[PDB]
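Close look at the chain arrangement
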Amino acid sequence: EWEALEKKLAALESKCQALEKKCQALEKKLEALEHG
Amino acid sequence: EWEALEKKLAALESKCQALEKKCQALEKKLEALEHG
Amino acid sequence: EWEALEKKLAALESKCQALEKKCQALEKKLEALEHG
Ligand SMILES: [Cl-]
Ligand SMILES: [Cl-]
Ligand SMILES: [Cl-]
Ligand SMILES: [Pb+2]
Ligand SMILES: [Pb+2]
Ligand SMILES: [Zn+2]
Ligand SMILES: [Zn+2]
Ligand SMILES: [Zn+2]
């Protein structure tokens, strides 16, 4: 329903933000290997 | 419209879930290099 | 509100598309290390 859609969108926004940070952490490790 | 928004949100949820799994696969490869 | 939800969903769709491309760029670098 409407309220369930609002909550689903907020949960997806937060899941994507968390994935963006996980990828930034992966990138830091990859850059340490690339420049090692 | 409403129905199109519902479907767009479900498609985005699935795209993000697929990206999370792709990143986990990248992380496994990176960890093999980090610990090689 | 409704219009704010529509815009939030479009902004999230674009953020995810940008993250997918960033991960593809990370994967290219990782594959160069894996096959180096
Ligand atoms: Cl670390
Ligand atoms: Cl593998
Ligand atoms: Cl490059
Ligand atoms: Pb990633
Ligand atoms: Pb996402
Ligand atoms: Zn680099
Ligand atoms: Zn490690
Ligand atoms: Zn490879």
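Residues numbered from 1 in each chain as written, not as in the entry; some residues may be left out. Chains lettered and ligands numbered in written order. Heavy atoms only, no water.

X-ray crystallography is the method the PDB entry states for this structure, with the resolution given as 1.2900 Å.

Structural notes on helix α1 (residues 2–34) of chain A
The end-to-end C-alpha separation of α1(A) is 47 Å, in line with the 48 Å expected for 33 residues at 1.5 Å each. All buried positions along α1(A) are accounted for by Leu5(A), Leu9(A), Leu12(A), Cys16(A), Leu19(A), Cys23(A), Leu26(A) and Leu30(A). The elements touched by buried residues of α1(A) are α1 (2–34) of chain B together with α1 (2–34) of chain C. (Helix = DSSP H or I, 4+ residues; strand = E, 2+ residues; numbered from the N terminus. Expected span 1.5 Å × (residues − 1). Buried < 20%, exposed > 50% of the residue type's maximum accessible area, 1.4 Å probe, protein only. Contact = heavy atoms within 4.5 Å.)

Structural notes on the packing of aromatic side chains
The final tally for this structure, using the stated rule, is three aromatic pairs over all chains. Between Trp2(A) and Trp2(C), the aromatic rings sit 6.5 Å apart at their centres with planes inclined by 50°, giving tilted as the arrangement. Highlighted residues: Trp2(A) in helix α1 and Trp2(C) in helix α1, drawn from two different chains. On the basis of relative accessibility, which here comes to 33%, the residue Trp2(A) falls in the partly exposed class. An aromatic cluster is defined as three or more aromatic residues linked by ring pairs; in this entry it consists of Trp2(A), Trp2(B) and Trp2(C). (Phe/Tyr/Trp six-rings, centres within 6.5 Å; stacked < 30°, edge-to-face > 60°.)

Considering the coordination of the zinc ion (ligand 8)
Residues and elements named next belong to chain C. The coordination sphere of the zinc ion (ligand 8), as far as protein atoms go, consists of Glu-31 (OE), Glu-34 (OE) and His-35 (NE2), spread over 1.9 to 2.0 Å. On the basis of relative accessibility, which here comes to 23%, the residue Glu-31 falls in the partly exposed class. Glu-34 gets classed as partly exposed once you look at its relative accessible area, which sits at 29%. (Donors = N, O, S within 2.8 Å, 3.2 Å for Na, K, Ca; no water.)

Considerations on the coordination of the zinc ion (ligand 7)
Residue and element names in this part refer to chain B. Protein ligation of the zinc ion (ligand 7) involves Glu-31 (OE), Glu-34 (OE) and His-35 (NE2), the donor distances falling in the range 1.9 to 2.0 Å. Each donor residue of the zinc ion (ligand 7) lies on one chain, and together they are spaced E-x2-E-H. Of this pair, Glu-31 and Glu-34 both sit in helix α1, separated by three residues, roughly a single helical turn.

Things to note about the relation of the copies chain B and chain C
When chain B is fitted to chain C, the residual RMSD is 0.0 Å, and the transformation amounts to a turn of 120° plus an axial shift of 0.0 Å. This pairing of chains is accounted for by a three-fold axis. (Least-squares fit on C-alpha atoms.)

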